[PDB]
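Chain by chain, the residues run as shown.
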Amino acid sequence: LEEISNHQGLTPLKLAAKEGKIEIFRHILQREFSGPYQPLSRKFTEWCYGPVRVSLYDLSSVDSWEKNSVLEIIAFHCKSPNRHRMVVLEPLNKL
Amino acid sequence: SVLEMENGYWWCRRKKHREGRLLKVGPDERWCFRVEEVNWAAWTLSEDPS
Amino acid sequence: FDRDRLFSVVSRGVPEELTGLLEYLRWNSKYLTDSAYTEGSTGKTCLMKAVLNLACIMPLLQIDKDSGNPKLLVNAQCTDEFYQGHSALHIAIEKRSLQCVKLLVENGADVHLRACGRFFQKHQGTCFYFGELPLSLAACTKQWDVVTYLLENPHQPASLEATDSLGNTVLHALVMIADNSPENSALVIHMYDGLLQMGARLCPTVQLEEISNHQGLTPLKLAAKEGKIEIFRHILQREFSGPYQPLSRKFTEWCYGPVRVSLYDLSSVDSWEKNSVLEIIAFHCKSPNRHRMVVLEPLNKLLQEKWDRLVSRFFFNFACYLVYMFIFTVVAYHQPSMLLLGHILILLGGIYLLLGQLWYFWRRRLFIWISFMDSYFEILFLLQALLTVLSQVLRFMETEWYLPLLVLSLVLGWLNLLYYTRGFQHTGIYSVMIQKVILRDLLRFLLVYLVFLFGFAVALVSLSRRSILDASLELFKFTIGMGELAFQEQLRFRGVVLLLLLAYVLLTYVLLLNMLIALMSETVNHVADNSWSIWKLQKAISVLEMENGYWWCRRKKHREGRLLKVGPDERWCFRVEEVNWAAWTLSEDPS
Ligand SMILES: C=C(C)[C@@H]1CCC(C)=C[C@H]1c1c(O)cc(CCCCC)cc1O
Ligand SMILES: C=C(C)[C@@H]1CCC(C)=C[C@H]1c1c(O)cc(CCCCC)cc1O
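Q: Before we go on, may I ask you to explain the overall build of chain A in this structure?
A: Across its full length, chain A holds five helices and two strands. The order of helices and strands in chain A, counted from the N terminus, is α-α-β-β-α-α-α. The principal-axis extents of the C-alpha atoms in chain A amount to approximately 45 × 30 × 25 Å. Pairs at least 24 residues apart make up 47% of the contacts formed inside chain A by residues separated by at least 6 positions.

Q: Quick question: what am I supposed to make of the overall build of chain B here?
A: When its secondary structure is counted, chain B shows one helix and two strands. Counted from the first residue to the last, chain B has its helices and strands arranged as α-β-β. A principal-axis box enclosing the C-alpha atoms of chain B has dimensions of 55 × 30 × 15 Å.

Q: Whenever I open this one, the interface of chain A and chain C confuses me. Can you help?
A: When the parts come together, some accessible area is lost, and that loss is often what is quoted as the size of the interface. Residue-level contacts link six residues of chain A with 11 residues of chain C. In terms of residue count, strand β1 (residues 43-49) of chain A provides more of the side of chain A that touches chain C than any other element does, three residues in total. Here the residues of the side of chain A that touches chain C sort into five nonpolar, one polar and no charged.

Q: Looking at this structure, I do not really get the pattern of salt bridges. What am I missing?
A: Any two side chains of opposite charge can pair, given that their charged atoms come close. Across the pair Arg21(B) and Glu46(A) runs a salt bridge whose closest N-O atoms are separated by 3.4 Å. You can see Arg21(B) sitting in strand β1 (residues 21-24) and its partner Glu46(A) sitting in strand β1, one on each of two chains. Where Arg30(B) meets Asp28(B), a salt bridge forms, and the shortest distance between an N and an O atom there is 3.4 Å. In the salt-bridge network here, residues are joined through shared partners; they are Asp58(A), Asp28(B) and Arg30(B).

Q: Would you mind going over the interface of chain A and chain B with me for this structure?
A: Contacts between the two partners involve 29 residues from chain A and, on the opposite side, 29 residues from chain B. Looking at the side of chain A that touches chain B, the element that brings in the most residues is strand β2 (residues 52-58) of chain A, giving seven residues. Along the lines of polarity and charge, the residues of the side of chain A that touches chain B split into 16 nonpolar, five polar and eight charged.

Q: Just checking my understanding: could you explain the pairing of strand β4 (residues 570-579) of chain C for this structure?
A: The two faces of the sheet receive side chains in turn, since in a regular strand these alternate between them. Residues and elements named next belong to chain C. Relative to β4, strand β2 (residues 259-265) runs antiparallel, the two sharing seven bridges. What sits directly across from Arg260, in β4, is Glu578. Inspection of the sheet shows strand β3 (residues 562-565) paired to β4 by four bridges, in the antiparallel sense. Paired with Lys565 across the two strands is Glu570, which belongs to β4.

Q: Just checking my understanding: could you explain the packing of aromatic side chains for this structure?
A: Two measures describe an aromatic ring pair: the distance that separates the ring centres and the angle between the ring planes. Residue and element names in this part refer to chain C. Note on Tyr83 and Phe119: the rings are 6.3 Å apart at their centroids and 45° apart in plane angle, and the pair reads as tilted. Of this pair, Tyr83 sits in the loop between α4 (57-66) and α5 (88-94) while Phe119 sits in the loop between α6 (98-106) and α7 (134-139), placing them 36 residues apart in sequence. Summarising the aromatic geometry, the rings of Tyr321 and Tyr420 are spaced 6.2 Å apart at their centres and angled 45° between planes, so their arrangement reads as tilted. One cation-aromatic arrangement involves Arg364 over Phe283; the distance from NZ or CZ to the ring centre is 4.4 Å. The ring of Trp272 has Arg559 lying over it, and the distance from NZ or CZ to the ring centre is 4.4 Å.

Q: How should the packing of helix α17 (residues 339-363) of chain C against helix α19 (residues 376-396) of chain C be read in this particular structure?
A: Each pair of packed helices can be summarised by the angle the axes make with each other and by the distance between the axes. All names here are of chain C. Interhelical geometry of α17 versus α19 gives an angle of 140° and a closest axis separation of 8 Å. Taken as axis vectors, α17 and α19 run oblique relative to one another. Relative to α19, the crossing made by α17 is left-handed. Judged by residue contacts, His343, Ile346, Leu347, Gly350, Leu353, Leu354, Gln357, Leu358, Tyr360 and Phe361 of α17 engage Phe377, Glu378, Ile379, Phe381, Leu382, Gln384, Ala385, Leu386, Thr388, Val389, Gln392 and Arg395 from α19. Considering only residue class, the contact of α17 with α19 consists of 14 nonpolar, six polar and two charged.

The rules behind each value
- Residues numbered from 1 in each chain as written, not as in the entry; some residues may be left out.
- Chains lettered and ligands numbered in written order.
- Part of a larger assembly, values for the part shown.
- Heavy atoms only, no water.
- Residues with missing side-chain atoms left out of burial classes, pairs and counts.
- Helix = DSSP H or I, 4+ residues; strand = E, 2+ residues; numbered from the N terminus.
- Contact = heavy atoms within 4.5 Å.
- Nonpolar A, V, L, I, M, F, W, Y, C, P; charged D, E, K, R; others polar.
- Salt bridge = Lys/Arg side-chain N within 4 Å of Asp/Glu carboxyl O.
- Pairing = 2+ DSSP bridges.
- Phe/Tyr/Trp six-rings, centres within 6.5 Å; stacked < 30°, edge-to-face > 60°.
- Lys NZ or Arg CZ within 6 Å of the ring centre and 35° of its normal.
- Axes fitted to C-alpha atoms, helices over the stretch in contact; angles between N-to-C directions.
- Parallel < 35°, antiparallel > 145°, perpendicular 65-115°, else oblique.
- Left-handed = near helix turned anticlockwise from the far one by under 90°.

Next up, the structure:
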């Protein structure tokens, strides 16, 4: 479902970035589920050794390697006033 | 700035290297990004730390 | 019977799927600890994988008994440099499986194995440091049951005084994992207190707190150096009940109604002994929250009497420098009878400050590097003393260039007088993080202003065509409020020069005002400290150096406190009096 694009060629994740909907954008970007819905998640844990925990965020449409990525959409194709609050998200801030 | 700068100069376009590592979540392979966090209150895909 | 097959069976956890494996080892004369059956990349063995995929453990250890294995796999060690030293016992403790720990320990597992891998070091990247021993792992993971079992098991008790590769003990490990977080502070404080109580029961003749690592720091000293204020405060202000009374550091001398007097133990805190907590906090600590360390209840009071007892010496130093600077000014003003005496004092005064300042840098060199802003005035005094002596040297070795250096030393000598202003309140804003930020921007603003000043001056010269020096000076007069605005009618591009000059006026007003607005935001987004933590830190640094005495006359240090038998044990305690109207002793009567 997430790879379906509308007439503008934007996925639901990409559409949230362009329209400035930070609330749904953060939830989609940092999403995890249980065993039955494990392949439906975007955040995964690689290993956990006590307090130290490592997470793996899916850079499907986020990384700027592919054209019309989330980073390009947020920085240049977004007109919402709260553009700065988009990049401070946990996977975007680190990447 | 970094998004424009990574595109390269006009006289020499630079190839863009994908950031991340291809991991089989499980199959399905996704280019994930490694982020490390420390939590002292809460008490996995791989088997051993790396 | 195969390496791939053996690891697959242990993951499932069904011992019935592994039959005849022991017979296979006898046939091939191979052991489970051999490199053939290990993972090879990191030395991981079958037992290690079994604990990771948490019954098969007992038969797997049982079949080790049949084969003539000289080396026990229960004490196997990883071989990869990244993850070296990690054993199966470490897995059970990490997985929070008390039953697995009991099963492993009962079968001869060693409790003193060292996990000296790169992952277990205090790296700047991915790492986790819990000492280097299994006992430290349980302490840092909120496992009191595992700690209790590892301390009171008849099979192989774990010693509390065991040290890691750096000499860190169990108490040291709790210090290095502190992060001043509310969740982490409760973790370290609760376990540190519990281990001390268990330590008295297990080893009463061994004092845990006096054990020092390879750097020679006690756990109390280590907390001060590493900047862990949360555990530092708890250790410094510690009291217990009757059974653990000798294990406390804070005691009550007498209580008469609301008036209560407390006695804090100055064991490693008072500066009488070398490498004390006060010396460590002020000079050997690089943590940003150094000011919050001295405002603690025993440290805040103790540093006050040292300042009060030595305040006269501080003003005597101020008076001596003030008189010396007055002598310097008079001699310089009339440098071109008693003037011969004046030059002798200038040479003697410069050589006196130089030798005294050279002692300070000899005793300590890392302090200036780690914290430039803490002792930046030490550098300034060095330049003033060195230049003053050098300037008089050029007077004897006549080169006619001693005057510019003497004049430069005069203005800088008065600037060094601002150092003594730290002995008063002076209001302002007291912060070290802000001051570095403000200083950095002002220097950047000066560079931005100069290039704009230089850029416009060249533009003015070429368009009007003295040189750049006169034109740049004319533009700089605009800041001092002395600029020249006139329509020079004998210029071809008179309008362009006039418009360009007006552009500079509007440009420099924005630049100066922007810095004021930028400097205003720092003041607004600043929370004043009612205890004046920054000011107290500066006073604490000065008194510690001042009490050491001058270079020409070292002064004996008198210990601060009174020797009292707590009960026996005698500790040099510090008297602190407090008044409480809500709560309703060692001595018998008030005194
Ligand atoms: C307290 C602060 C933040 C003041 C407030 C505004 C002013 C003019 C500058 C700041 C400031 C420094 O940021 C640093 C120093 C001394 C540090 C070394 C200077 C060579 C003094 C100093 O007044
Ligand atoms: C402060 C300001 C805004 C003044 C205003 C006049 C001009 C342009 C110079 C500026 C300036 C620095 O931009 C920087 C310094 C030294 C940096 C540290 C000062 C404690 C002095 C100094 O006069």
